[PDB]
Every structure is written in structure tokens, then in C-alpha cells.
């Protein structure tokens, strides 16, 4: 599946990176395949920003896993950076909430979504990384049930000096939006630092966001820091699963691999592929891209003189 820098750009399907990035559905003209093109005017980025973006690409080419959205192509067009990725037809889980499940999702659907996320985090944590942006907007549901974790841009490596560090102390750049989802020890920026167990806090946060339909803490950023430094909140197992994710002490929060073994994931019988399309029941994804329905105002998610 090779791609050349020649793409029909269509629908805005999302935005991001301080609003410098547009997300487009696109038609790859050679083959006729519909994909995502992520585009960033580099003219508007600092030299640093470009480097930060250069880092996301490296890390993505490093990661290879069934619950991680793979990147298919990357290149410069004129003054913009383009990253081609597969189209996740359902959109992100934030789409589904904002667009239809405003009062939250069904608990089984959350069980699949969280399962995919925990599998991906187990892999990235084993690869020596910390995700740092686990949130519903970074969860993509495939054209047929496959759940993907995205947001690699925020991924920081814990391998430093060719050795593995127990803790990191890096306050993540370009993270204003993510703030609510970050662990207390990410945010307090003291001598203990943080590790992989900070994304498990964000899993708990994402859990409440999927279950509730609104993020924990819309209030100003300083107020949510005061509260973080209290915690948000169905089957008994789910509550307890959340309660474990959200524990104040990282050392008492369980890892991704042993979170997999929670009794909350016992309710999963089929694989998310044979059950999730059914669980996002009222919502049908989009198949026919050969219509005006991609130029409809709704969008495509939630359908129901120098002198020398």
C-alpha cells in the first residue's frame, strides 16, 4: 500500500494541534480508496513545533500493534505537512458522544473500547513509552468494530541515556486541552515525577467521560488543578475498575496488563468486531462516499528588484 506526494480532499472530519491541523476525509485518486489526510501549515509553526511534529512521525513508525492506528504515508506538499492514515468510519468516541450518545455510552460498548485502549497501552508501556493523551477524542472505532488508540503526538519515551528511567519529569508541550485527563503527578511537576501509571489515571478519566458523556472537571484550568491535587465517578465491577484507575497513589494503580484481568472485562464475550457495531446500534457508519452526504453540514459521524 504505497502512496505518492493526487488526493481529493473532502470533508473536515476533525481539527487539532492548537488549530493548526485540519483533519480531512480524502480520496486517494490512483486506487480510489478513502483515507484520512492530516494537514498542518508549517508556515504557522515555530522551528520547535516542526521538530515536535517530526517526533510524532518517528514514534508512529516505531509502533506496530492491532489497537494502534497506523500511519500510511508522510510528506511535504507545499508548506504543509501531510500524514495519511486509514479512515475510521465511526469517528472517535468523542464524536459518538457529542454526536449521539450525549448522556454517555452503553456499558458493554465501554468495556470493548476500554479493552482496546488497555491492550495498546500495555504495548506502548512495554515499548518504554508513556502515552500522555489518553482521552475519548483519541479513540477511533473502525468501519467494522476495531478500536484504535491515537494521539501519538504526546508520546514521551522513558528510555534515556540508552537506559530505562524509573520516572520522568517532563511537562508535556501543547497540552492545554489534555489537562483534565492528566494524572495529579504529571501536573504537580515535583521531584517524584511520573511513569506509565499516569495513563491509567487517564483511562479512569476516559472511563467517566464515556460513561457520563461530559469530561470530568469545562471549568478553568486552575480550578481543576486544585481539585485533582478529589476524583470523578452501572455494574459494581465498573465502579471498582474506575476506583482503581483513579487512585491517588500511582504505585497502587494497577498496570495495563493486570487491568486487562479486571472483572469488568468478564462481560466481554464476542470480539469487538462481532459485537461493537451492534452496540453502537442506533448509529450506522458511512459506506457510500459517492454522494453529497459528505458535503452535508452535519458531517459524516453520528449518522442514524535588487540590482546585481
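Numbering follows the first chain given and starts at 1.
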| item | value |
| --- | --- |
| Unmodelled deposited residues flanked by residue 98 on one side and residue 99 on the other | none |
| Between residue 304 and residue 305 - deposited residues without coordinates, as a size class | 4 to 9 |
| Mean temperature factor over C-alpha atoms, higher-scoring stretch between 145-153 and 218-226 | 218-226 |
| Mean C-alpha B-factor comparison - 158-166 and 121-129, higher one | 158-166 |
| Peak C-alpha temperature factor (PDB record), options 256, 59, 69, 280 | 280 |
| Per the PDB entry, maximal CA B factor within 50, 268, 37, 40 | 268 |
| Lowest, middle or highest third - CA B-factor, residue 199 | lowest |
| Ranked C-alpha temperature factor of residue 107 among modelled chain residues, by third | highest |
| Third of chain Cα B-factors occupied by residue 115 | middle |
| Chain-wide C-alpha B factor ranking for residue 276, given as lowest, middle or highest third | highest |
| Residue 187 - Cα temperature factor, lowest/middle/highest third of chain | middle |
